[PDB]
Amino acid sequence: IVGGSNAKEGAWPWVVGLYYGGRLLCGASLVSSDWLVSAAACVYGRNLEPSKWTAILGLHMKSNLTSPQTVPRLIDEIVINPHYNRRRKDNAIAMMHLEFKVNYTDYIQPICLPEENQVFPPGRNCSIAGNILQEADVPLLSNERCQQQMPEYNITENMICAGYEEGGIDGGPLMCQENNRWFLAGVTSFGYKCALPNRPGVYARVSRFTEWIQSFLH
Amino acid sequence: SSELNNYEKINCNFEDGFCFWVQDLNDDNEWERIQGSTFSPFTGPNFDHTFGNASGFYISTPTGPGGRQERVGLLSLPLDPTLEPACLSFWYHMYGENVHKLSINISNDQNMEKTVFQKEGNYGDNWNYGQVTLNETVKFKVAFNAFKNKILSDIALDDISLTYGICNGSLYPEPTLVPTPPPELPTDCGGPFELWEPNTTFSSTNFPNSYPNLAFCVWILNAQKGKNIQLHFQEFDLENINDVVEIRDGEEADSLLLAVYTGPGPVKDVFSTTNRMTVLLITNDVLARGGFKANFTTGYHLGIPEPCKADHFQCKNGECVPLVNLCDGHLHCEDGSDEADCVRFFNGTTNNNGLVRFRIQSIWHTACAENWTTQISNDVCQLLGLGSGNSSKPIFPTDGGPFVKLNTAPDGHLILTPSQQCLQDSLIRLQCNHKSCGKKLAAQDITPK
Amino acid sequence: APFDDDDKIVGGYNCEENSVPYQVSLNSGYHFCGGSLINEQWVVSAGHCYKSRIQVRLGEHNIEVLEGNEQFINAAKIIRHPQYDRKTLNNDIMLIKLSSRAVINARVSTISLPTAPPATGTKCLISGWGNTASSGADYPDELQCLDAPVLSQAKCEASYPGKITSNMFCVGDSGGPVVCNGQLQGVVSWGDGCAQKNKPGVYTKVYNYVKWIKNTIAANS
């Protein structure tokens, strides 16, 4: 985030980074000890060589990789959502499997999946995350105003928008606290023009794919 | 000044160096001279018009690939008052893809300019003869402006021959200036369409050579009802993510994806489920590769191995395990389907609630809680993918199904026995909380600033 | 609908590849060619990219945004190949000596010299700030990488009749490093158009100039 403040080391243990051949390519949300969840629009076309991918778990600072809190892991399987598209760009989610199991350390904790029949109301301030992992508060907006602001593309119900109305501060997960517990309300998918007004930002609604994600956690 | 002839002032061969001229002193670009050839190849000609053999000096654009645009203008000065017009003989070498326009303006001491001459495009490959007269009598501050455009915009010129009077009949005009920036206007976006009876051998768009860029084709492989599609490949050599093949299996508006292959090397085959395999081509505009082949062979249940009947449980990878790994604690099927979750809830409001519905090997049923403890409580919590046992209490016996007697032992695995001998059975209303979810587990402080 | 994925956050550069330590940008007021960092005091580039004053920018990722990990070292001396045929672009390879030794770290390191010729089909890594569109002029300020297998010599000579020499083989981009299996095997030299039909990229084989580079470094260290 451009207009974001530095987050405390350890406040977001479920925030990791994906490295494609030793280069940070996209973000992912650690859901289980062996299966992650990331956007399909960034890992598309690279699922043929899973050995090249690698996920650094518990990563907070790139220059502080020598700390023992960072646990490296190797990818061996990438599963893209079947309903993914490149022309329509619908349901851009993809899971990635880990090679060996990892322990839930102090800086490595799993994220909570949004249960069914649970809709996040608009106007709900909750920050996101994903060198220094900064964070900034992002409120929730309605789909009608989001479609009216960007009439060039049809935003269906399968995605939810969240961002500032006036812009300026806009693979990262959409973490929104609920009953002293953070959920996965979306993933940072795309943006027309950063640091531009009337640009909330549409995120993939994870609550519509709970049974799809939980089917591979076992 | 006055005694100096105007021809030698204007006409110049610039073989060893520039004559008495005023080329550039104020603008942000200065013309350069090329001795036949220089760096940045395809810079117009390889020689001048006079010498013409690998050693000719001719003026051209200052550099080759420019980062941005530069205004280059050849200046001049007024001459003696001439009654007759001024014959201007010259031969330009305009060529390139991003060529810009050049004008010849006339200025005076009253802040008045005129613009009537302008050309742009590729004029052959040799020097194109040109002629233009001048209707200027006394005061004329003429200039020859141009622009240093992007790559493939180099323009050359040589042997200025401005004279007086009227020259002979100019019978050497430009034959045909073809617009190169719009070379072919590729907007086909077509080619092969939804296929038919097995004419498997077919080119994608231009297969027997490297394929061009910006091409967006589509191949909708169809078949009869109940027949699947197979996509065996004999040769596959494409580019990276920029050039992929989004194999689709939509059959309707809701399109589904099966596999996306790219790069060189023979990739694995595709085995569709429906009778309509849509194959779309997505190519970038950088480093187009050769291509690939596709020979579809329809049939029934291709790829998917035939499941064995007569009491043979087939896990999701095709392996058969009749009764050896029917949720007993083994990992024969590597996909985990043999040891899949044979436990669930029943009449549950939320996810982590419900009955104690249990399946020993085949049939689902309830259980009993005569020897229920916290050990087996957290055991069935973890087996159901939950946290620790918060509470557990029965309500009433609902059905008389084959309930199982749960037991405990230090060997780790629980002892089960589906005995139908139990009065007033206590059905377990399992109330297990969730596991360690995304909550603040570290020792964070409270610094609201 | 993620049609333009460019609203990323801290990290995750805006649609560009990174982690290429041997990639350097030659600057003379504007980006014109790339480079290849083989050691701490020498940079390999294309022969046609020779200029009077070139500022070798090491560790550059965004040519317009300063990230704090860049190393600006001026060129001390540039020595082109003596048999560089300017007409046919033969021996399109030159060496650029740095004025000071670069600080080797996790973002700036050295590339290994090639010890074997690249075989047909060898995967290679090519980087540069070249054009991404075949029509027009679209040169972004982002560093893009592209992989490509080495093509056969027969098809390479057939695609360019009389233009492919023994030191050439098919596989802002001028001078881009072509590293195959951790070894710099090729250098971007030229190409007919921008991704034209039956017109693959032409690359100069550094395996034939390993000895020349070693002799030039030893005689100018």
# chains A, B, ... in the order shown; residues from 1 in each chain; ligands from 1
$ interface_residues --of "chain C" --to "chain B" --cutoff "8 Å" --atoms "only C-alpha atoms" --output "PDB file with N, CA and C atoms, in the first residue's frame"
ATOM      1  N   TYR C  30      18.948   8.211 -21.251  1.00  0.00           N
ATOM      2  CA  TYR C  30      17.746   7.411 -21.427  1.00  0.00           C
ATOM      3  C   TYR C  30      18.166   5.971 -21.675  1.00  0.00           C
ATOM      4  N   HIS C  31      17.288   5.040 -21.312  1.00  0.00           N
ATOM      5  CA  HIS C  31      17.581   3.622 -21.483  1.00  0.00           C
ATOM      6  C   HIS C  31      17.598   3.269 -22.964  1.00  0.00           C
ATOM      7  N   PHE C  32      18.699   2.688 -23.421  1.00  0.00           N
ATOM      8  CA  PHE C  32      18.841   2.316 -24.825  1.00  0.00           C
ATOM      9  C   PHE C  32      19.212   0.853 -25.022  1.00  0.00           C
ATOM     10  N   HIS C  48      26.865  -2.807 -31.154  1.00  0.00           N
ATOM     11  CA  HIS C  48      26.210  -1.660 -31.771  1.00  0.00           C
ATOM     12  C   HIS C  48      25.722  -0.639 -30.752  1.00  0.00           C
ATOM     13  N   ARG C  86      30.696  -4.417 -38.920  1.00  0.00           N
ATOM     14  CA  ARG C  86      29.570  -3.507 -38.737  1.00  0.00           C
ATOM     15  C   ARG C  86      28.492  -3.719 -39.793  1.00  0.00           C
ATOM     16  N   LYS C  87      28.877  -4.144 -40.998  1.00  0.00           N
ATOM     17  CA  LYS C  87      27.899  -4.319 -42.068  1.00  0.00           C
ATOM     18  C   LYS C  87      26.973  -5.496 -41.785  1.00  0.00           C
ATOM     19  N   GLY C 121      16.980 -26.697 -28.050  1.00  0.00           N
ATOM     20  CA  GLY C 121      15.943 -26.905 -27.063  1.00  0.00           C
ATOM     21  C   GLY C 121      16.310 -26.514 -25.648  1.00  0.00           C
ATOM     22  N   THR C 132       7.030  -4.563 -26.048  1.00  0.00           N
ATOM     23  CA  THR C 132       6.152  -5.706 -25.844  1.00  0.00           C
ATOM     24  C   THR C 132       5.093  -5.851 -26.928  1.00  0.00           C
ATOM     25  N   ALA C 133       4.958  -4.868 -27.815  1.00  0.00           N
ATOM     26  CA  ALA C 133       3.975  -4.900 -28.887  1.00  0.00           C
ATOM     27  C   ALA C 133       4.680  -4.943 -30.237  1.00  0.00           C
ATOM     28  N   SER C 134       4.138  -5.743 -31.157  1.00  0.00           N
ATOM     29  CA  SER C 134       4.721  -5.865 -32.486  1.00  0.00           C
ATOM     30  C   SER C 134       4.401  -4.676 -33.383  1.00  0.00           C
ATOM     31  N   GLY C 136       3.599  -0.399 -33.414  1.00  0.00           N
ATOM     32  CA  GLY C 136       3.661   0.836 -32.659  1.00  0.00           C
ATOM     33  C   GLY C 136       4.910   0.934 -31.806  1.00  0.00           C
ATOM     34  N   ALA C 137       4.832   1.807 -30.802  1.00  0.00           N
ATOM     35  CA  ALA C 137       5.933   2.045 -29.869  1.00  0.00           C
ATOM     36  C   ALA C 137       5.363   2.045 -28.454  1.00  0.00           C
ATOM     37  N   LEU C 146      11.688 -13.281 -20.444  1.00  0.00           N
ATOM     38  CA  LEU C 146      11.074 -14.199 -21.395  1.00  0.00           C
ATOM     39  C   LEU C 146      11.981 -15.403 -21.596  1.00  0.00           C
ATOM     40  N   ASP C 147      11.400 -16.595 -21.515  1.00  0.00           N
ATOM     41  CA  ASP C 147      12.114 -17.840 -21.751  1.00  0.00           C
ATOM     42  C   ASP C 147      11.843 -18.341 -23.164  1.00  0.00           C
ATOM     43  N   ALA C 148      12.829 -19.043 -23.729  1.00  0.00           N
ATOM     44  CA  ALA C 148      12.694 -19.580 -25.075  1.00  0.00           C
ATOM     45  C   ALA C 148      13.706 -20.693 -25.271  1.00  0.00           C
ATOM     46  N   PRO C 149      13.324 -21.810 -25.884  1.00  0.00           N
ATOM     47  CA  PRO C 149      14.296 -22.870 -26.159  1.00  0.00           C
ATOM     48  C   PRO C 149      15.150 -22.545 -27.373  1.00  0.00           C
ATOM     49  N   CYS C 194       9.671  -6.808 -35.358  1.00  0.00           N
ATOM     50  CA  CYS C 194       9.303  -7.098 -33.975  1.00  0.00           C
ATOM     51  C   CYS C 194       8.378  -8.310 -33.984  1.00  0.00           C
ATOM     52  N   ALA C 195       8.950  -9.489 -33.727  1.00  0.00           N
ATOM     53  CA  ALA C 195       8.205 -10.748 -33.693  1.00  0.00           C
ATOM     54  C   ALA C 195       7.466 -10.989 -35.009  1.00  0.00           C
ATOM     55  N   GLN C 196       8.211 -10.929 -36.109  1.00  0.00           N
ATOM     56  CA  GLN C 196       7.629 -11.151 -37.421  1.00  0.00           C
ATOM     57  C   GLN C 196       7.475 -12.644 -37.695  1.00  0.00           C
ATOM     58  N   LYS C 197       6.690 -12.953 -38.723  1.00  0.00           N
ATOM     59  CA  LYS C 197       6.448 -14.339 -39.095  1.00  0.00           C
ATOM     60  C   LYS C 197       7.726 -14.973 -39.632  1.00  0.00           C
ATOM     61  N   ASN C 198       8.069 -16.146 -39.097  1.00  0.00           N
ATOM     62  CA  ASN C 198       9.259 -16.898 -39.503  1.00  0.00           C
ATOM     63  C   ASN C 198      10.541 -16.097 -39.294  1.00  0.00           C
ATOM     64  N   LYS C 199      10.547 -15.202 -38.307  1.00  0.00           N
ATOM     65  CA  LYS C 199      11.697 -14.346 -38.014  1.00  0.00           C
ATOM     66  C   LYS C 199      12.023 -14.440 -36.530  1.00  0.00           C
ATOM     67  N   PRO C 200      12.735 -15.485 -36.115  1.00  0.00           N
ATOM     68  CA  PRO C 200      13.138 -15.595 -34.709  1.00  0.00           C
ATOM     69  C   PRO C 200      14.256 -14.617 -34.378  1.00  0.00           C
ATOM     70  N   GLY C 201      14.527 -14.496 -33.082  1.00  0.00           N
ATOM     71  CA  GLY C 201      15.564 -13.585 -32.632  1.00  0.00           C
ATOM     72  C   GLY C 201      16.953 -14.123 -32.936  1.00  0.00           C
TER      73      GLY C 201
END
$ closest_atom_pairs --of "chain A" --to "chain B" --cutoff "6 Å" --atoms "only C-alpha atoms" --output "JSON lines"
{"residue": "A:45", "atom": "CA", "partner": "B:241", "partner_atom": "CA", "distance": 4.8}
{"residue": "A:82", "atom": "CA", "partner": "B:257", "partner_atom": "CA", "distance": 4.7}
{"residue": "A:83", "atom": "CA", "partner": "B:256", "partner_atom": "CA", "distance": 4.8}
{"residue": "A:106", "atom": "CA", "partner": "B:442", "partner_atom": "CA", "distance": 5.9}
{"residue": "A:110", "atom": "CA", "partner": "B:438", "partner_atom": "CA", "distance": 5.7}
{"residue": "A:111", "atom": "CA", "partner": "B:438", "partner_atom": "CA", "distance": 4.2}
{"residue": "A:112", "atom": "CA", "partner": "B:437", "partner_atom": "CA", "distance": 5.1}
{"residue": "A:181", "atom": "CA", "partner": "B:439", "partner_atom": "CA", "distance": 5.3}
{"residue": "A:182", "atom": "CA", "partner": "B:438", "partner_atom": "CA", "distance": 5.5}
$ residues_around --residues "residue 87 in chain A" --least-positions-apart "5" --cutoff "12 Å" --atoms "only C-alpha atoms" --output "list in words"
residues 41, 92 and 153 of chain A; 216, 246, 255, 280, 281 and 282 of chain B; 1, 2, 3 and 4 of chain C
$ closest_atom_pairs --of "chain A" --to "chain C" --cutoff "6 Å" --atoms "only C-alpha atoms" --output "Markdown table"
| residue | atom | partner | partner_atom | distance |
| --- | --- | --- | --- | --- |
| A:1 | CA | C:9 | CA | 4.5 |
| A:23 | CA | C:19 | CA | 5.4 |
| A:89 | CA | C:1 | CA | 4.9 |
| A:90 | CA | C:1 | CA | 5.8 |
| A:131 | CA | C:11 | CA | 5.8 |
| A:189 | CA | C:2 | CA | 5.8 |
| A:190 | CA | C:5 | CA | 3.9 |
| A:191 | CA | C:7 | CA | 4.5 |
| A:192 | CA | C:4 | CA | 5.7 |
| A:194 | CA | C:7 | CA | 5.7 |
$ write_last_selection --atoms "N, CA, C and O atoms" --output "PDB file, in the first residue's frame"
ATOM      1  N   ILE A   1       0.838  -1.192   0.000  1.00  0.00           N
ATOM      2  CA  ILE A   1       0.000   0.000   0.000  1.00  0.00           C
ATOM      3  C   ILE A   1       0.876   1.247   0.000  1.00  0.00           C
ATOM      4  O   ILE A   1       1.814   1.355   0.789  1.00  0.00           O
ATOM      5  N   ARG A  23      11.679 -15.355  -7.069  1.00  0.00           N
ATOM      6  CA  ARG A  23      11.198 -13.990  -7.241  1.00  0.00           C
ATOM      7  C   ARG A  23       9.759 -13.912  -6.758  1.00  0.00           C
ATOM      8  O   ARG A  23       8.916 -14.705  -7.188  1.00  0.00           O
ATOM      9  N   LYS A  89     -12.843 -13.139 -17.213  1.00  0.00           N
ATOM     10  CA  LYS A  89     -12.157 -12.932 -15.935  1.00  0.00           C
ATOM     11  C   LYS A  89     -13.122 -13.127 -14.760  1.00  0.00           C
ATOM     12  O   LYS A  89     -13.427 -12.209 -13.997  1.00  0.00           O
ATOM     13  N   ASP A  90     -13.599 -14.362 -14.643  1.00  0.00           N
ATOM     14  CA  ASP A  90     -14.533 -14.751 -13.597  1.00  0.00           C
ATOM     15  C   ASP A  90     -13.940 -15.882 -12.769  1.00  0.00           C
ATOM     16  O   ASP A  90     -13.357 -16.824 -13.316  1.00  0.00           O
ATOM     17  N   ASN A 131       9.148  -4.457   0.574  1.00  0.00           N
ATOM     18  CA  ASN A 131      10.001  -5.061   1.590  1.00  0.00           C
ATOM     19  C   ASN A 131       9.256  -5.203   2.914  1.00  0.00           C
ATOM     20  O   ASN A 131       9.124  -6.304   3.449  1.00  0.00           O
ATOM     21  N   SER A 189      -7.351  -8.741  -6.197  1.00  0.00           N
ATOM     22  CA  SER A 189      -7.339  -9.291  -7.549  1.00  0.00           C
ATOM     23  C   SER A 189      -6.677  -8.348  -8.552  1.00  0.00           C
ATOM     24  O   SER A 189      -5.677  -8.706  -9.181  1.00  0.00           O
ATOM     25  N   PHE A 190      -7.215  -7.141  -8.705  1.00  0.00           N
ATOM     26  CA  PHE A 190      -6.778  -6.252  -9.770  1.00  0.00           C
ATOM     27  C   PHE A 190      -7.090  -4.808  -9.394  1.00  0.00           C
ATOM     28  O   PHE A 190      -7.564  -4.515  -8.293  1.00  0.00           O
ATOM     29  N   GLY A 191      -6.814  -3.907 -10.334  1.00  0.00           N
ATOM     30  CA  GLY A 191      -7.162  -2.507 -10.214  1.00  0.00           C
ATOM     31  C   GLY A 191      -6.941  -1.772 -11.520  1.00  0.00           C
ATOM     32  O   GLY A 191      -5.895  -1.934 -12.154  1.00  0.00           O
ATOM     33  N   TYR A 192      -7.921  -0.969 -11.937  1.00  0.00           N
ATOM     34  CA  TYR A 192      -7.810  -0.256 -13.206  1.00  0.00           C
ATOM     35  C   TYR A 192      -6.632   0.711 -13.189  1.00  0.00           C
ATOM     36  O   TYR A 192      -5.698   0.591 -13.990  1.00  0.00           O
ATOM     37  N   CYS A 194      -4.183   2.611 -10.134  1.00  0.00           N
ATOM     38  CA  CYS A 194      -3.881   2.854  -8.733  1.00  0.00           C
ATOM     39  C   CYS A 194      -3.696   4.345  -8.474  1.00  0.00           C
ATOM     40  O   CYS A 194      -3.261   5.101  -9.348  1.00  0.00           O
TER      41      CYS A 194
END
$ residues_around --residues "residue 74 in chain A" --least-positions-apart "3" --cutoff "12 Å" --atoms "only C-alpha atoms" --output "VMD selection string"
chain A and resid 18 to 22 34 to 35 49 to 57 71 77 to 78 96 to 102
$ write_last_selection --atoms "N, CA, C and O atoms" --output "mmCIF file, in the first residue's frame"
data_model
loop_
_atom_site.group_PDB
_atom_site.id
_atom_site.type_symbol
_atom_site.label_atom_id
_atom_site.label_comp_id
_atom_site.auth_asym_id
_atom_site.auth_seq_id
_atom_site.Cartn_x
_atom_site.Cartn_y
_atom_site.Cartn_z
ATOM 1 N N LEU A 18 4.542 -15.767 -2.327
ATOM 2 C CA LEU A 18 4.867 -16.822 -3.277
ATOM 3 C C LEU A 18 6.042 -16.386 -4.141
ATOM 4 O O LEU A 18 6.037 -15.283 -4.697
ATOM 5 N N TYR A 19 7.044 -17.254 -4.254
ATOM 6 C CA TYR A 19 8.237 -16.987 -5.046
ATOM 7 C C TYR A 19 8.246 -17.904 -6.261
ATOM 8 O O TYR A 19 8.191 -19.131 -6.119
ATOM 9 N N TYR A 20 8.312 -17.308 -7.449
ATOM 10 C CA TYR A 20 8.375 -18.047 -8.708
ATOM 11 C C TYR A 20 9.819 -18.012 -9.196
ATOM 12 O O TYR A 20 10.270 -17.016 -9.768
ATOM 13 N N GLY A 21 10.542 -19.104 -8.969
ATOM 14 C CA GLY A 21 11.945 -19.163 -9.343
ATOM 15 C C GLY A 21 12.822 -18.202 -8.570
ATOM 16 O O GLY A 21 13.767 -17.640 -9.138
ATOM 17 N N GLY A 22 12.534 -18.000 -7.287
ATOM 18 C CA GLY A 22 13.305 -17.076 -6.482
ATOM 19 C C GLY A 22 12.899 -15.628 -6.609
ATOM 20 O O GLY A 22 13.696 -14.742 -6.285
ATOM 21 N N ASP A 34 -0.837 -27.482 4.564
ATOM 22 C CA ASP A 34 -0.285 -27.979 3.311
ATOM 23 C C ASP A 34 -0.936 -27.394 2.066
ATOM 24 O O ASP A 34 -0.379 -27.567 0.977
ATOM 25 N N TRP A 35 -2.076 -26.719 2.175
ATOM 26 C CA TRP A 35 -2.766 -26.137 1.031
ATOM 27 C C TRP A 35 -2.965 -24.647 1.261
ATOM 28 O O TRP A 35 -3.394 -24.233 2.344
ATOM 29 N N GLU A 49 5.077 -26.291 -14.165
ATOM 30 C CA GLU A 49 6.329 -26.543 -13.452
ATOM 31 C C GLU A 49 6.144 -26.133 -11.995
ATOM 32 O O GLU A 49 6.512 -25.016 -11.601
ATOM 33 N N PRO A 50 5.570 -27.009 -11.166
ATOM 34 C CA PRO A 50 5.411 -26.671 -9.743
ATOM 35 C C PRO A 50 6.723 -26.614 -8.984
ATOM 36 O O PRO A 50 6.797 -25.918 -7.963
ATOM 37 N N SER A 51 7.758 -27.323 -9.444
ATOM 38 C CA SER A 51 9.035 -27.318 -8.739
ATOM 39 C C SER A 51 9.690 -25.943 -8.760
ATOM 40 O O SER A 51 10.442 -25.603 -7.840
ATOM 41 N N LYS A 52 9.422 -25.144 -9.796
ATOM 42 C CA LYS A 52 9.982 -23.798 -9.849
ATOM 43 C C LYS A 52 9.363 -22.893 -8.791
ATOM 44 O O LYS A 52 10.039 -22.001 -8.267
ATOM 45 N N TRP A 53 8.091 -23.107 -8.463
ATOM 46 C CA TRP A 53 7.442 -22.323 -7.425
ATOM 47 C C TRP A 53 7.966 -22.706 -6.046
ATOM 48 O O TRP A 53 8.377 -23.844 -5.804
ATOM 49 N N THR A 54 7.944 -21.736 -5.135
ATOM 50 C CA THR A 54 8.347 -21.960 -3.755
ATOM 51 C C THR A 54 7.696 -20.896 -2.884
ATOM 52 O O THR A 54 7.588 -19.737 -3.290
ATOM 53 N N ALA A 55 7.258 -21.300 -1.694
ATOM 54 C CA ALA A 55 6.538 -20.423 -0.778
ATOM 55 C C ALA A 55 7.347 -20.262 0.500
ATOM 56 O O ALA A 55 7.679 -21.255 1.157
ATOM 57 N N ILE A 56 7.659 -19.018 0.849
ATOM 58 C CA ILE A 56 8.367 -18.705 2.085
ATOM 59 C C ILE A 56 7.321 -18.402 3.152
ATOM 60 O O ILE A 56 6.665 -17.357 3.114
ATOM 61 N N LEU A 57 7.163 -19.315 4.106
ATOM 62 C CA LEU A 57 6.171 -19.167 5.160
ATOM 63 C C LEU A 57 6.744 -18.359 6.317
ATOM 64 O O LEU A 57 7.915 -18.510 6.679
ATOM 65 N N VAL A 71 10.167 -20.040 7.258
ATOM 66 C CA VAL A 71 10.270 -21.459 6.946
ATOM 67 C C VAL A 71 10.027 -21.628 5.448
ATOM 68 O O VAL A 71 8.895 -21.434 4.979
ATOM 69 N N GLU A 77 2.152 -28.995 -6.490
ATOM 70 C CA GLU A 77 0.866 -29.149 -7.157
ATOM 71 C C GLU A 77 0.132 -27.817 -7.131
ATOM 72 O O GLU A 77 0.067 -27.166 -6.084
ATOM 73 N N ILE A 78 -0.413 -27.420 -8.278
ATOM 74 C CA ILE A 78 -1.183 -26.189 -8.411
ATOM 75 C C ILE A 78 -2.532 -26.535 -9.023
ATOM 76 O O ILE A 78 -2.593 -27.172 -10.081
ATOM 77 N N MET A 96 -2.621 -23.941 -4.084
ATOM 78 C CA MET A 96 -1.277 -24.472 -4.267
ATOM 79 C C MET A 96 -0.933 -25.373 -3.091
ATOM 80 O O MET A 96 -1.129 -24.988 -1.933
ATOM 81 N N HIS A 97 -0.423 -26.563 -3.389
ATOM 82 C CA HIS A 97 -0.108 -27.551 -2.367
ATOM 83 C C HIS A 97 1.362 -27.472 -1.973
ATOM 84 O O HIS A 97 2.229 -27.139 -2.785
ATOM 85 N N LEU A 98 1.633 -27.784 -0.710
ATOM 86 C CA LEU A 98 2.983 -27.793 -0.168
ATOM 87 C C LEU A 98 3.556 -29.206 -0.190
ATOM 88 O O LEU A 98 2.825 -30.198 -0.234
ATOM 89 N N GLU A 99 4.887 -29.284 -0.152
ATOM 90 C CA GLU A 99 5.558 -30.580 -0.208
ATOM 91 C C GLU A 99 5.490 -31.297 1.136
ATOM 92 O O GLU A 99 4.947 -32.403 1.235
ATOM 93 N N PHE A 100 6.033 -30.681 2.181
ATOM 94 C CA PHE A 100 6.033 -31.253 3.518
ATOM 95 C C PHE A 100 5.143 -30.434 4.443
ATOM 96 O O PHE A 100 4.874 -29.254 4.202
ATOM 97 N N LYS A 101 4.688 -31.080 5.513
ATOM 98 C CA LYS A 101 3.849 -30.411 6.491
ATOM 99 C C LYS A 101 4.667 -29.412 7.305
ATOM 100 O O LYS A 101 5.886 -29.540 7.458
ATOM 101 N N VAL A 102 3.977 -28.403 7.832
ATOM 102 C CA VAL A 102 4.601 -27.367 8.644
ATOM 103 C C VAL A 102 3.857 -27.261 9.967
ATOM 104 O O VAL A 102 2.660 -27.550 10.055
#
$ residues_around --residues "residue 148 in chain B" --least-positions-apart "6" --cutoff "10 Å" --atoms "only C-alpha atoms" --output "MDAnalysis selection string"
chainID B and resid 29 31 61:72 98:101 154:155
$ atom_distance --atom1 "CA of residue 76 in chain C" --atom2 "CA of residue 99 in chain C"
4.6 Å
$ select_by_dssp --residues "range 9-204 of chain A" --states "alpha helix (DSSP H)" --output "list in words"
residues 143, 144, 145, 146, 147, 148 and 149 of chain A
